[PDB]
Amino acid sequence: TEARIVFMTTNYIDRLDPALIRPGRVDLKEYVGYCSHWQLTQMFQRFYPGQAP
Amino acid sequence: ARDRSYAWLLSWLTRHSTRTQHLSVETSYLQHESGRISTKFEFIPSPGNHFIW
């Protein structure tokens, strides 16, 4: 059925058969990895509002 | 109900029911030509004795 959005998540992308994730069954694959410097800065600023950067 | 004639006759009764006031509801999704899908309320004559001309 058209007009449908599907979200799929996994922790081992290597375990997904390539036919399952192809451009037209999954249009966008994004890697959400560990923290980065900017990510840590943003998390610290959001958890402790008001402190100096 | 074991024949496709039952489905065809039920559909024809739902369409040609004149102003029958003993209907029952039936919910479905209709895909508009615009591309999106909205709820469709279709009325089928509820069980009972109905008269046609």
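Because the Cβ atoms are built from the backbone with ideal geometry, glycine has one as well, and the counts that use them run over all protein chains shown. Rule-based calculations on the coordinates, nothing more; no lab input.
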Quiz item: Counting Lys and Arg as +1 and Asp and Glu as -1, each charge on the Cβ, what is the dipole of chain B about the Cα centre in debye, to the nearest 20?
Solution: 40
Quiz item: Counting alpha carbon pairs within less than 8 Å and at least 6 residues apart, what relative contact order, in whole percent, applies to chain B?
Solution: 35
Quiz item: For the protein assembly as shown, what value does the Rg/Rh ratio take when both radii are computed over Cα atoms and Rh is the Kirkwood radius, given to two decimals?
Solution: 1.32
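Could you compute the FRET efficiency for B:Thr27 and A:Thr10, with r as their C-beta to C-beta distance and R0 at 30 Å, rounded to 0.05? Each step should come with its number before you reach the end.
Details: r = 35 Å, r/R0 = 1.15.
FRET efficiency, B:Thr27 to A:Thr10: 0.30.
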Quiz item: Tilt of helix A:37-47 relative to the longest C-alpha principal axis of chain A, in degrees (0 to 90, nearest 10)?
Solution: 70
Quiz item: For the modelled label position 7 Å from the Cα of B:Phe41 along Cα-to-Cβ, which residues of region B:1-26 have backbone nitrogen atoms closer than 18 Å?
Solution: B:15, B:19-26
Quiz prompt | Tilt relative to chain B, helix B:4-15 - C-alpha long axis, 0 to 90 degrees, to 10 | solution = 80
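Note down the magnitude of the dipole of the protein assembly as shown about its Cα centre, charges +1 on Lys and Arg C-beta and -1 on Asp and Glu C-beta and zero elsewhere, to the nearest 20 debye. Show your work: numbers first, answer last.
On the way: 12 positive and 9 negative charges, 30 e Å.
In total the dipole reaches around 140 debye.
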Quiz item: For region B:18-32, what does the Karplus curve 6.51 cos²θ - 1.76 cosθ + 1.60, with θ = phi - 60°, yield as ³J(HN,Hα) per residue in whole Hz, taken in order and with x for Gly and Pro?
Solution: 6, 9, 4, 10, 10, 8, 9, 7, 7, 9, 7, 9, 10, 8, 5
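Tell me the volume per residue, in Å³, of the convex hull enclosing the alpha carbons of chain A.
On the way: hull volume 7.2 nm³, N = 53.
Output value, Cα hull per residue: 135 Å³.
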Practice problem: Using the Cα centre as the reference, give the magnitude of the dipole from point charges on the C-beta atoms of chain A (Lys, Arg: +1; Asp, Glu: -1; all else neutral), rounded to the nearest 20 debye. | Solution: 60
